[PDB]
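Data block below; observations after.
Atoms within each ligand, like the ligands themselves, are counted from 1 in listed order. What's counted below: heavy atoms across the whole structure, side chains too, no hydrogens, waters or symmetry copies. Letters A, B, ... mirror the listed sequences (proteins, then strands); counts begin at 1.
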Amino acid sequence: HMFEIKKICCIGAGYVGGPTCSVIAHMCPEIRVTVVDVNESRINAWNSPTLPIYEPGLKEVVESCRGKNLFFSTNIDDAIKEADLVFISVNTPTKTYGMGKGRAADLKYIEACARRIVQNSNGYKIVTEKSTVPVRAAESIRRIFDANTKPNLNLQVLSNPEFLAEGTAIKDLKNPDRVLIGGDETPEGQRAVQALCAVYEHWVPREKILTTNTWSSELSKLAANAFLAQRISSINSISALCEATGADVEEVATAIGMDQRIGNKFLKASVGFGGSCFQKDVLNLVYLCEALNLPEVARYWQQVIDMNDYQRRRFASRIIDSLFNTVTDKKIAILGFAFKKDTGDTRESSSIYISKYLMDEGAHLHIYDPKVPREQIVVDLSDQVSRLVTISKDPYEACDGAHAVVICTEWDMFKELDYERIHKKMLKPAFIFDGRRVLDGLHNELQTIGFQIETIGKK
Amino acid sequence: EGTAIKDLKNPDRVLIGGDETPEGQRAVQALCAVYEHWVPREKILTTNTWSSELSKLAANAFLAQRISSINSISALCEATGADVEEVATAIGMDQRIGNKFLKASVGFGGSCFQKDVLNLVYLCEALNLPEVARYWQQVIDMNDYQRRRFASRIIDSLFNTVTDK
Amino acid sequence: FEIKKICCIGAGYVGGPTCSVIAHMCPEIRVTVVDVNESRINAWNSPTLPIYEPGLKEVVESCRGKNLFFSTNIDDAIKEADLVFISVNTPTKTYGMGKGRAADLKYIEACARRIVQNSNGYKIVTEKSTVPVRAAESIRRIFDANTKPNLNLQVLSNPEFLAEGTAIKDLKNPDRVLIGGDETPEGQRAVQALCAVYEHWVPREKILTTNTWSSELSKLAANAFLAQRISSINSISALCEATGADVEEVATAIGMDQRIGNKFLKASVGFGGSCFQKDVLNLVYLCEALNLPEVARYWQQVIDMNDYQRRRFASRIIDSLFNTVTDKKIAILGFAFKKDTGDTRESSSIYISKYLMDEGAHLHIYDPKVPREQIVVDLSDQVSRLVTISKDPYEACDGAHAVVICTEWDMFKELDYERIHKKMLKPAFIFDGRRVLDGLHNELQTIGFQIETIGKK
Ligand SMILES: O=c1ccn([C@@H]2O[C@H](COP(=O)(O)OP(=O)(O)O[C@H]3OC[C@@H](O)[C@H](O)[C@H]3O)[C@@H](O)[C@H]2O)c(=O)[nH]1
Ligand SMILES: O=c1ccn([C@@H]2O[C@H](COP(=O)(O)OP(=O)(O)O[C@H]3OC[C@@H](O)[C@H](O)[C@H]3O)[C@@H](O)[C@H]2O)c(=O)[nH]1
Ligand SMILES: O=c1ccn([C@@H]2O[C@H](COP(=O)(O)OP(=O)(O)O[C@H]3OC[C@@H](O)[C@H](O)[C@H]3O)[C@@H](O)[C@H]2O)c(=O)[nH]1
Ligand SMILES: O=c1ccn([C@@H]2O[C@H](COP(=O)(O)OP(=O)(O)O[C@H]3OC[C@@H](O)[C@H](O)[C@H]3O)[C@@H](O)[C@H]2O)c(=O)[nH]1
Ligand SMILES: O=c1ccn([C@@H]2O[C@H](COP(=O)(O)OP(=O)(O)O[C@H]3OC[C@@H](O)[C@H](O)[C@H]3O)[C@@H](O)[C@H]2O)c(=O)[nH]1
């Protein structure tokens with residue numbers, strides 16, 4: 001007795017669902033993969049020459065498969081009805097009111113997907129929740145399925161967290177450090193788990209596939225994300241200590257990271273981490289711990305967010321202090337709005353928070369990013385936006401007549417700008433605030449040109 | 001300790017700080033020449049004395065933090081029916097996290113870790129960095145909680161009387 | 001299954017009277033009460049019982065040596081018993097987690113191990129106390145881990161509702177009997193066997209059966225409700241003093257509501273006894289351990305109010321005696337925690353005496369039943385200088401500045417207050433902490449006393 005997945009439906013065509021299913025289709029030519037979404041313009045973009053997200057290599061993966069065994073559709077109902085495997089990869093926004101307001105994930109879209117699946121399903125199907133931050137997701141799906149049975153309907157629920165990082169999604173999906181699958185410790189659960197393993201074994205060695213139960217799967221993802229965020233907050237805390245004592249956080253990070261028990265990754269100090277994963281993940285971990293009467297664990301992990309918030313505030317107040325605490329009507333260029341390089345995603349970007357701190361001081365911001373759409377920047381910063389915010393088409397326009405240049409995202413193009421040209425047209429003193437350490441090694445040239453260079457973790 | 005000889009014979013790195021003066025660099029180079037009898041040159045890092053000491057204080061604290069972090073997850077595992085050794089395996093297979101120093105325990109000891117974090121916290125308070133101080137203090141508070149929770153599990157299992165047992 | 005031999009481990013205020021009544025009502029059952037305390041056992045076998053309970057002497061002497069026995073041979077009484085009661089004391093922990101609050105189960109656990117060591121075959125083991133705190137569970141824990149072939153021990157909970165001073169009346173006509181046992185065939189068979197004992201004199205409709213935890217929780221809660229009524233009326237007594245009302249009149253108006261009831265509304269210097277304070281302390285501690293802090297601080301108020309009532313009475317005494325009691329003689333009438341017992345555990349008289357001693361008062365303490373050595377122990381060098389224990393109440397009042405009534409012994413209402421006033425120092429004060437002199441106020445004022453009482457200005 002086993003189950004072979006021949007048709008996959010993925011509900012959610014976002015940063016998780018789109019790339020993941022495109023790689024599955026690419027690696028499994030005999031499996032039909034249909035990605036569905038309520039958002040019609042997003043589906044139309046997936047079917048166009050201009051994809052709705054920017055991921056290096058994604059266009060090539062999509063175009064090698066689309067229309068052969070990879071499909072993007074708004075017909076959610078028919079995709080479910082015919083699927084052997086249904087992924088749920090939707091967003092779980094933070095509650096904006098009620099218990100856990102601003103902290104706890106809202107499961108309403110997961111629950112609506114589960115209800116929609118029952119409505120449109122007959123026979124046997126595997127339903128797998130796949131997200132970067134699963135918060136009681138498998139349990140809520142099972143609760144709906146347990147309460148809404150039909151004769152001969154047999155739905156299995158798996159957890160399959162997604163470990164990809166945006167901007168490296170395709171490389172991460174093709175060579176994952178591990179694949180994590182959680183399922184019930186019953187004959188039915190193990191048959192479903194094996195079926196999903198067989199999909200991944202088309203390109204992932206078996207020794208890199210971990211199998212467990214659904215809760216251990218979700219807790220492992222929640223903890224792993226928090227460990228990553230903690231490394232960043234830890235090295236950022238050291239960056240403040242370096243600034244206060246004359247050390248350089250990049251040199252300290254190198255010495256730390258050469259301990260093979262620590263490792264040398266995720267030790268790059270920055271204005272602060274962003275993205276839809278880390279802050280949401282730690283907030284939900286803290287909230288969960290409070291609900292379980294584990295306040296010591298809750299306040300332990302809360303420090304990861306408190307440190308990130310302090311790192312952002314400290315960076316902004318250095319900018320304001322350098323401008324002698326009045327920035328009313330001063331032009332300031334913001335270079336980089338995405339939460340990291342090589343994506344157009346801005347969710348929880350530090351650039352949003354730095355911009356708002358400067359807007360509260362009356363700065364006239366000119367914002368340039370090579371990939372973030374103009375309209376997204378307007379939405380993220382929302383009358384005050386109308387008065388203070390300009391979206392520049394190129395970085396020289398943003399810097400023309402500026403008092404300060406603030407680098408918030410580590411796009412490689414920023415280290416190659418014509419900084420002699422930028423200096424000529426800035427007001428003096430002309431400041432560069434490197435919130436990403438991308439201008440390291442240009443410091444002598446920039447000082448010779450005449451800039452005041454300030455960067456995180458060095459004074 | 002316990003692996004001193006192997007650690008001394010094959011260190012991950014040697015860290016030497018000295019003044020950024022001609023005399024300081026002559027001294028640094030003399031000490032480098034000792035270690036180069038058995039340590040490859042690419043594993044010897046040289047810096048100034050403060051950066052050297054700060055790097056050690058921070059590196060020790062990162063190690064202590066990994067333990068308190070996995071110990072905090074161990075309490076969450078006990079409360080929810082998961083197994084911290086399995087969760088640790090899943091975490092440690094991320095090559096950006098690494099798989100070392102994720103062994104949950106009654107709590108870390110030794111003459112290094114607690115003293116190191118306490119002095120780091122004290123230094124931060126003296127420099128008017130209270131946010132950094134309370135960030136690192138959690139490493140100690142979690143370790144103290146881990147020990148207390150273990151003892152009270154023992155006492156609870158003995159039904160809260162241990163007199164003459 | 002018919003219970004024919006009963007062993008009770010613990011010959012105290014609970015074990016002694018309960019088994020004596022069982023023996024009285026069940027002539028076909030051999031009842032053996034055992035204890036490690038040899039002098040206590042010898043007293044139970046003597047013409048002078050080790051505790052004072054009205055009517056107990058008559059009950060014991062009609063049974064002792066016929067089907068009621070008191071012995072130090074714990075091992076053989078267990079070995080032969082069909083049913084073993086455990087009625088031992090669970091003192092509050094004096095160190096460690098829950099110090100001063102949580103009950104120490106070490107004696108319950110030692111009894112459970114001793115029962116396993118001396119048992120074969122089938123026995124029912126029943127924990128009986130006024131404050132059971134996880135007692136049945138800890139006994140089961142021991143039995144479950146120490147099995148023998150053909151050994152079959154059943155664990156029941158059977159909390160004791162009697163109040164001291166009315167033990168015999170309460171045991172013979174209980175408002176209800178509460179038995180907890182497992183919801184298994186074996187548990188229900190054991191429950192029914194214990195029911196069959198009580199049905200010799202208790203109507204079946206007054207016997208409640210449930211599981212062991214519900215039984216213990218019900219007792220913990222019931223004790224706390226009773227204590228709360230006392231603290232509630234004592235809190236109103238302070239408001240009465242502050243506003244010119246009389247708490248006895250207010251209590252009457254309150255108690256005529258049949259939804260409130262008219263019992264346990266007698267304001268006092270404060271409740272005492274080994275039950276109420278221990279019960280609330282353990283309830284609060286349990287709630288904190290279950291992450292129920294709102295419930296914990298709700299019940300804590302019962303104790304805080306009781307402590308406040310004692311402090312307020314004591315400072316009223318000092319205020320009335322011109323803000324100073326140094327070198328003043330004060331008679332303390334009543335040391336037991338309530339009338340008709342010699343028991344002093346948590347008696348308000350202890351606390352009142354200590355407050356006055358710390359202010360330099362010379363106490364002359366009289367109680368008709370509390371032994372002299374017990375008073376010395378309860379108040380413990382300061383005792384040597386300041387405390388005298390009198391043989392009669394007129395000697396305690398001889399040359400006194402004030403008389404403080406702490407226990408509502410009926411004999412206090414009938415004292416020769418004419419004679420008492422003559423040899424007291426003047427002005428002569430009476431501090432009635434029990435409302436026992438109500439209605440004598442006119443006669444006492446005419447004699448010349450200054451009377452101050454709880455719940456009236
Ligand atoms: O009921 C729904 C809800 C949502 N959706 C779709 O699901 C898609 C989700 O895509 P997003 O780009 O917003 O989100 P991601 O793919 O990046 O998910 C990631 O970030 C959001 C977090 O809540 C998740 O934990 C994480 O996996 C959207 O396009 C949305 O239209 C549905 O089709 N149906
Ligand atoms: O050393 C670092 C690394 C990362 N960062 C910042 O941390 C934030 C997160 O960066 P990541 O590369 O982890 O990107 P992501 O948020 O897309 O992925 C993260 O969450 C989803 C998980 O599945 C991934 O495993 C995890 O890396 C970015 O703002 C980044 O700039 C640092 O500031 N310093
Ligand atoms: O995964 C782990 C690792 C370690 N530990 C505990 O952490 C404590 C420290 O153990 P270590 O192996 O680090 O031993 P040490 O304290 O001697 O060395 C530590 O401090 C001195 C520094 O120079 C070393 O680099 C550092 O490892 C021990 O109590 C150990 O049992 C864990 O509980 N879990
Ligand atoms: O292991 C023991 C412990 C105690 N005992 C005896 O058990 C007897 C208990 O008698 P006590 O007068 O002290 O106590 P009580 O009968 O009044 O119990 C009551 O008050 C004490 C509280 O802890 C109980 O909850 C309550 O039922 C003592 O005589 C003691 O010597 C044993 O025989 N064996
Ligand atoms: O109205 C009252 C009633 C009682 N009290 C005081 O409250 C204290 C307790 O008195 P009780 O009559 O309840 O006597 P006990 O403490 O022996 O019995 C109590 O605990 C044991 C349980 O089994 C009983 O059911 C419970 O009444 C005494 O100090 C008494 O004087 C008042 O102050 N006012």
Side-chain angles (χ1 to χ4, degrees), chain A residues 11-20 36-39 42-43 52-53 76 88-94 105 108-110 112-113 116 130-135 137 161-162 166 275-277 280-281 345 347, chain C residues 9-18 34-37 40-41 50-51 74 86-92 103 106-108 110-111 114 128-133 135 159-167 170 175 219 222-223 226-227 229-230 233-234 251 263-276 278-279 336-339 341 343 345-348 407-408 434:
Chain A
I11 307 172
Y15 285 87
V16 171
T20 301
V36 298
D37 204 293
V38 291
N39 183 336
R42 181 162 266 198
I43 292 301
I53 66 179
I76 297 165
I88 298 175
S89 298
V90 301
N91 49 310
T92 52
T94 313
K108 62 181 170 186
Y109 298 134
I110 299 275
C113 288
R116 185 151 195 179
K130 167 172 287 293
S131 60
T132 60
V133 186
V135 180
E162 188 40 60
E166 292 180 14
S276 61
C277 182
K280 177 186 300 194
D281 185 275
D345 192 357
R347 287 173 294 175
Chain C
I9 307 174
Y13 284 86
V14 170
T18 299
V34 300
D35 204 293
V36 287
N37 185 336
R40 182 162 267 197
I41 291 301
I51 67 179
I74 299 164
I86 299 175
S87 298
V88 300
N89 52 312
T90 50
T92 313
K106 63 178 171 185
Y107 298 135
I108 298 276
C111 290
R114 189 152 193 182
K128 168 170 286 293
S129 59
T130 61
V131 185
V133 184
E160 187 42 62
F161 287 98
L162 74 84
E164 295 181 15
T166 55
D170 295 345
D175 284 345
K219 187 56 152 78
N223 293 331
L226 290 161
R229 290 179 73 86
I230 300 167
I233 199 65
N234 278 340
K263 305 301 187 305
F264 265 53
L265 301 173
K266 169 53 76 99
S268 67
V269 57
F271 63 76
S274 61
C275 181
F276 283 172
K278 175 183 300 193
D279 186 272
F337 82 97
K338 58 176 292 188
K339 75 171 184 183
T341 181
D343 194 358
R345 286 174 293 174
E346 297 306 330
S347 172
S348 291
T407 314
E408 75 287 0
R434 291 292 190 163

At what distance is the nearest protein heavy atom to [atom], and which residue and atom is it?
| atom | value |
| --- | --- |
| atom 2 (C) of ligand 5 | C:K266 O, 3.6 Å |
| atom 4 (C) of ligand 1 | A:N91 OD1, 3.2 Å |
| atom 1 (O) of ligand 1 | A:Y109 CB, 3.7 Å |
| atom 12 (O) of ligand 5 | C:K338 NZ, 2.9 Å |
| atom 11 (P) of ligand 1 | A:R42 NH1, 3.7 Å |
| atom 33 (O) of ligand 1 | A:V38 N, 3.3 Å |
| atom 13 (O) of ligand 5 | C:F264 CZ, 3.3 Å |
| atom 16 (O) of ligand 5 | C:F337 CE1, 3.5 Å |
| atom 27 (O) of ligand 5 | C:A163 CB, 3.8 Å |
| atom 26 (C) of ligand 1 | A:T132 OG1, 3.1 Å |
| atom 25 (O) of ligand 5 | C:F161 O, 2.7 Å |
| atom 15 (P) of ligand 1 | A:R347 NH1, 3.9 Å |
| atom 8 (C) of ligand 1 | A:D37 OD2, 3.6 Å |
| atom 5 (N) of ligand 1 | A:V90 CG1, 3.7 Å |

Is the contact between [X] and ligand 5 made by the side chain, the backbone, both, or neither, using heavy atoms and a 4.0 Å cut-off?
| X | result |
| --- | --- |
| C:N223 | side chain |
| C:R434 | side chain |
| C:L162 | backbone |

Next on the checklist: Run C:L226 and C:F271 through side chain to side chain contact (heavy atoms under 4.5 Å, CB included) and show every step you take.
Outcome noted: CA-CA 10 Å; C:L226 290 161; C:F271 63 76; over 6 Å; no
At their closest point, which heavy atom of [X] faces which heavy atom of [Y], and how far apart are they?
| X | Y | answer |
| --- | --- | --- |
| C:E346 | C:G273 | CB-O, 3.5 Å |
| C:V14 | C:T18 | O-OG1, 2.9 Å |
| C:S268 | C:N234 | N-OD1, 2.9 Å |
| A:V90 | A:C113 | CG1-SG, 3.8 Å |
| C:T407 | C:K339 | CG2-N, 3.7 Å |
| C:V131 | C:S274 | CG2-O, 4.4 Å |

Distance filter under 4.0 Å to [X] heavy atoms, resulting ligand 5 atoms:
| X | value |
| --- | --- |
| C:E160 | 23 (O) |
| C:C275 | 20 (O), 21 (C) |
| C:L265 | 1 (O) |
| C:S268 | 32 (C), 33 (O) |

Checklist entry - Side chain or backbone of C:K278 under 4.0 Å from ligand 4, or both, or neither, by non-hydrogen atoms? => result side chain
Would a distance-only check, ignoring hydrogens and angles, find a side-chain to backbone donor-acceptor pair under 3.5 Å from [X] to [Y]?
| X | Y | result |
| --- | --- | --- |
| A:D345 | A:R347 | yes |
| C:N223 | C:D279 | no |
| C:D35 | C:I41 | no |
| C:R229 | C:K263 | yes |

Checklist entry - Is the count of non-hydrogen atoms from other residues, nucleotides or ligands lying under 6.0 Å from A:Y109 atom OH greater than 12? => result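 Not more than 12 within 6.0 Å, no.
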Would a 4.5 Å heavy-atom cut-off, applied to side chains only, mark [X] and [Y] as touching?
| X | Y | result |
| --- | --- | --- |
| A:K280 | A:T92 | yes |
| C:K219 | C:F161 | yes |
| C:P17 | C:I51 | yes |

Within the 4.0 Å heavy-atom shell around [X], which atoms of ligand 1 are there?
| X | answer |
| --- | --- |
| A:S131 | 25 (O), 27 (O) |
| A:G14 | 10 (O), 12 (O), 16 (O) |
| A:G12 | 7 (O), 8 (C) |

Checklist entry - Could C:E160 and C:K128 be called an ion pair, given the rule that one side-chain N must be under 4.0 Å from one carboxylate O? => result yes
Next on the checklist: Using side chain to side chain contact (heavy atoms under 4.5 Å, CB included), reason through C:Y13 and C:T341 one step at a time and then give a plain yes or no.
Outcome noted: CA-CA 10 Å; C:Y13 284 86; C:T341 181; 3.8 Å; yes
Item to check | Ligand-residue contact atoms, ligand 4 with C:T90, heavy atoms, under 4.0 Å | outcome: 23 (O)
Checklist entry - Among C:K219, C:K263, C:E164, C:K339, which residue places a heavy atom closest to atom 17 (O) of ligand 5? => result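 It is C:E164 whose heavy atom sits nearest to atom 17 (O) of ligand 5.
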Checklist outcome for this item: Checking heavy-atom distances from atom 19 (C) of ligand 4 to each of C:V131, C:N37, C:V14, the winner is C:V14
Next on the checklist: With respect to C:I230, determine whether any N or O atom, backbone or side chain, lies less than 3.5 Å from an N or O atom of ligand 5.
Outcome noted: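 Not met; the criterion fails.
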Next on the checklist: Counting only heavy atoms closer than 4.0 Å, does ligand 1 sit against the backbone of A:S276, its side chain, both, or neither?
Outcome noted: side chain
